[PDB]
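Colleague: Take this structure first; my questions come after.
Note that each Cβ is placed from the backbone with ideal geometry, even for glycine, and that neighbours are counted across all protein chains shown. Coordinate-derived values only; no laboratory data.
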Amino acid sequence: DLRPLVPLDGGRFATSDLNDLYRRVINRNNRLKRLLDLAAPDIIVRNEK
Amino acid sequence: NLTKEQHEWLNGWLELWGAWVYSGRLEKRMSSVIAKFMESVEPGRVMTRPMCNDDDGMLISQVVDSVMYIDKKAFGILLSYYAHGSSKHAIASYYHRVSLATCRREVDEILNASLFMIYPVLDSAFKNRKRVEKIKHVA
RNA sequence: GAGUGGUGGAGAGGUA
């Protein structure tokens, strides 16, 4: 509730910046998780790191 | 006692009046954004009760202020019954805790007495009002 | 258990 989500008047949802930043870091953390349990090549896993 | 169609008429009228005067307090349930949009998309058991256009509410508040100045306890129990939604079992226990069956008996007979006092003055206050007519055009 | 959304953010212009 400190990075809140109230939409616009026409139903379109306008967020804060922090939800986008957290979405980016969580998605890339999930992809790094998939590549670590996949045991990817070291160049690929260091690029995702 | 009183006839039952007059009884349900006063039940509906003071229910609407208590629903009107319950939408004015400050310590009230303020919703978030997400609960508001969940309520606007798919409601559950969150429905409300009808109120007035506040002039009818004004005149009935004026008649209960005029006649119910001499009794504090009946005014308090009709407020706490009509605004919050507490049962007579609940307000009987709430008044006995600070017997209980005779307490339930005295709160229902003071409710019956206050309704018997408020009904005919309410009928006269209803019939002696001019309905404001709709808007007209002169040429 | 009883109505309801801009602040958020940008850009432009104005007042003292």
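Colleague: Have a look at B:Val98, B:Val41 and point out the one that is farther than 30 Å from A:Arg12 by Cβ and aliphatic (A, V, I, L, M).
Modeller: Numbers: B:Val41 fails: farther than 30 Å from A:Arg12 by Cβ.
Exactly one residue qualifies, and that residue is B:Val98.
Colleague: In this structure, is B:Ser23 near RNA strand C (Cβ under 9 Å from one of its atoms), among the hydroxyl-bearing types (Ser, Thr, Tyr), within 14 Å of another protein chain (Cβ to nearest Cβ) and farther than 17 Å from B:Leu111 by Cα? Step through it out loud before you land on a result.
Modeller: Values: near RNA strand C (Cβ under 9 Å from one of its atoms): yes; among the hydroxyl-bearing types (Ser, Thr, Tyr): yes; within 14 Å of another protein chain (Cβ to nearest Cβ): no; farther than 17 Å from B:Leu111 by Cα: yes.
In short, no.
Colleague: List, please: which pairs have Cβ atoms under 6 Å, are six or more places apart or on different chains, and start with a residue in the range A:1-28 that is within 14 Å of another protein chain (Cβ to nearest Cβ) and end with one that is among the small types (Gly, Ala, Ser) and exposed (fewer than 11 other Cβ atoms within 10 Å of the Cβ)?
Modeller: Short answer, once both residue conditions are applied: A:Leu8/A:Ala14.
Colleague: Hey, can you tell me all the residues within the range B:32-53 that are near RNA strand C (Cβ under 9 Å from one of its atoms), farther than 30 Å from B:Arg131 by Cα and either part of a loop (DSSP other than H, G, I, E, B) or more than 13 Å from chain A (Cβ to nearest Cβ) (or both)? Spell out the reasoning first.
Modeller: Pass one, the range B:32-53, residues near RNA strand C (Cβ under 9 Å from one of its atoms): B:32-37, B:39-40, B:45-51.
Filter again for farther than 30 Å from B:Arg131 by Cα, leaving B:32-37, B:39-40, B:45-47.
Of everything in the range B:32-53, those that are near RNA strand C (Cβ under 9 Å from one of its atoms), farther than 30 Å from B:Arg131 by Cα and either part of a loop (DSSP other than H, G, I, E, B) or more than 13 Å from chain A (Cβ to nearest Cβ) (or both) turn out to be B:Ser32, B:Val33, B:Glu39, B:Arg45, B:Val46, B:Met47.
Colleague: Can you pull out the residues in the range B:126-139 that are over 19 Å from B:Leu2 (Cα atoms) and assigned to a helix (DSSP H, G or I)? Reasoning before the result, please.
Modeller: Taking the range B:126-139 and keeping what is over 19 Å from B:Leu2 (Cα atoms), we get B:127-139.
Matches in the range B:126-139: B:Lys127 only.
Colleague: Tally up the residues in the range B:91-125 that are within 14 Å of RNA strand C (Cβ to nearest atom) and touching a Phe, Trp or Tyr at 6+ places or on another chain (Cβ under 9 Å), please. So that I can check it myself, show each step before the final result.
Modeller: Our first condition is that a residue be within 14 Å of RNA strand C (Cβ to nearest atom); within the range B:91-125, this holds for B:91, B:94.
Those still in the list that are touching a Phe, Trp or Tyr at 6+ places or on another chain (Cβ under 9 Å) too: B:91.
Total satisfying the criteria: 1.
Colleague: Look at B:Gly76 and say whether it is within 30 Å of B:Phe126 (Cβ to Cβ), away from every other protein chain (no Cβ under 14 Å), away from RNA strand C (no atom under 16 Å from the Cβ) and surrounded by 10 or more Cβ atoms within 10 Å (Cβ to Cβ).
Modeller: Values: within 30 Å of B:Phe126 (Cβ to Cβ): yes; away from every other protein chain (no Cβ under 14 Å): yes; away from RNA strand C (no atom under 16 Å from the Cβ): yes; surrounded by 10 or more Cβ atoms within 10 Å (Cβ to Cβ): yes.
Here the answer is yes, as B:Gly76 does meet what is asked.
Okay, residues lined up against (1) in contact with a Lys or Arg (Cβ under 7 Å, 6 or more places away or on another chain); (2) outside any helix (DSSP H, G or I); (3) surrounded by fewer than 11 Cβ atoms within 10 Å (Cβ to Cβ):
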position: A:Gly11; (1), (2), (3): no, yes, yes
position: A:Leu18; (1), (2), (3): yes, no, no
position: A:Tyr22; (1), (2), (3): no, no, no
position: A:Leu36; (1), (2), (3): no, no, no
